[PDB]
Amino acid sequence: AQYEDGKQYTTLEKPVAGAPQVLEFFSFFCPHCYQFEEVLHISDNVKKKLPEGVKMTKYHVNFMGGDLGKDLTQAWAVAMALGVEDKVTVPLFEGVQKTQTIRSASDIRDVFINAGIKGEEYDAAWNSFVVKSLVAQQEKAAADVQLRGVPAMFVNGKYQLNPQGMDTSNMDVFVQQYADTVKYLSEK
């Protein structure tokens, strides 16, 4: 067929019940994730081709960048609670990988302050048990699929995107191929 298991996607040996329909994992330390966000706008282009009724979830992972990776996962938990994903994603990426000005929890915090989230609002969120369970969720979802690399996308808990099996000569072609595949998996 035109779409084949092991070619544009793989199948989980161990399907995950109750999983988000479209589930994406990343890390601010992950260089391809930088590309995926900054250059390719994968998340947005997928969204654009998804049917109505579909919910799109994006979670951070711990296994890159040691102590600061976990901090980054708690901070993405803060971003999700406050609804400020779209204001911090880019300065966080550029702060970890481009300028390298993110070295501690406090520098992470500065990105939020500079993006207009208030100190008290960030620090309350940071310490809330709503953020604690949000962190727990991010970890549960990753642990459920035995996640060992990012970027990663999972559809309906059963299919995993395999971008190494798509063409990378043209960036635009890679993205539409990627997105059309998510759409195909969606309907499956």
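Residues numbered from 1 in each chain as written, not as in the entry; some residues may be left out. Heavy atoms only, no water.

The record names X-ray crystallography as the way this model was obtained, at a resolution of 2.3000 Å.

The PDB entry lists the protein under the name Thiol:disulfide interchange protein, with Escherichia coli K-12 given as the organism. In the PDB, the entry goes by the title "Group deposition of library data - Crystal Structure of EcDsbA after initial refinement with no ligand modelled (structure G6_1)".

**Comments concerning the overall build of the protein**
A tally of regular secondary structure across the protein gives eight helices and five strands. Tracing the protein from N to C terminus, the helices and strands come up as β-β-α-α-β-α-α-α-α-α-β-β-α. Over its C-alpha atoms the protein spans a radius of gyration of 17 Å, differing by no more than 12% from the 16 Å that the globule rule assigns to 188 residues. Here the protein holds 188 residues, and the buried ones make up 43% of them. In the protein, the share of contacts with a sequence separation of at least 24, taken over all contacts with a separation of at least 6, comes to 75%. Of the roughly 10100 Å² of accessible surface on the protein, 49% is carried by carbon and sulfur atoms. The average position of the 19 basic charges and that of the 24 acidic charges among the side chains of the protein differ by 4 Å. (Helix = DSSP H or I, 4+ residues; strand = E, 2+ residues; numbered from the N terminus. Rg over C-alpha atoms; globule rule 2.2 N^0.38 Å. Buried < 20%, exposed > 50% of the residue type's maximum accessible area, 1.4 Å probe, protein only. Contact = heavy atoms within 4.5 Å. Areas by Shrake-Rupley, 256 points an atom, 1.4 Å probe, with all protein chains shown as cover. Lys, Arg positive; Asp, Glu negative; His and termini not counted. Charge placed at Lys NZ, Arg CZ, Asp CG, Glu CD.)

**Quick notes on the environment of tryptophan 76**
Relative to the helices and strands, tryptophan 76 resides in helix 3 (residues 66-82). When the C-alpha positions of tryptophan 76 and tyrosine 59 are compared, they lie 7.6 Å apart, and in sequence the two are 17 residues distant. Every residue in contact with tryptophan 76, bar those within four places of it in the chain, is listed here: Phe26, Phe28, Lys58, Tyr59, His60, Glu85, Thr89 and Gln138.

**As for helix 6 (residues 119-127)**
Along helix 6, the positions that sit buried rather than exposed are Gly119, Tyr122, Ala125 and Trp126. On an axial view of helix 6, the arc spanned by its buried residues comes to 140°, and they lie on one face. In helix 6, the exposed positions angled more than 90 degrees off the buried face are occupied by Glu120 and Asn127. On its buried face, helix 6 is in contact with helix 3, helix 5 (105-114) and helix 7 (129-144). (Arc of directions from axis to C-beta.)

**Description of the environment of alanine 141**
With respect to the secondary-structure elements, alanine 141 resides in helix 7. Residue class for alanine 141 comes out buried when judged on its relative accessible area of 12%. Separated by 112 residues in sequence, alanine 141 and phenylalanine 29 have C-alpha atoms that sit 19 Å apart. When near neighbours in sequence (up to four residues on either side) are disregarded, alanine 141 contacts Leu23, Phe25 and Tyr59.

**Re the state of the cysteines**
In protein chemistry, a disulfide is the covalent bond that joins the sulfur atoms of two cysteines. Evaluation of the coordinates by the stated rule reveals one disulfide. Here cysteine 30 engages in a disulfide with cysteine 33; their sulfurs sit 2.0 Å apart. Taking the sign of the S-S torsion, about 75° here, the bridge from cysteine 30 to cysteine 33 comes out right-handed. Assigned by exposure class, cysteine 30 and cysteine 33 land together as buried. (Disulfide = S-S within 2.5 Å.)

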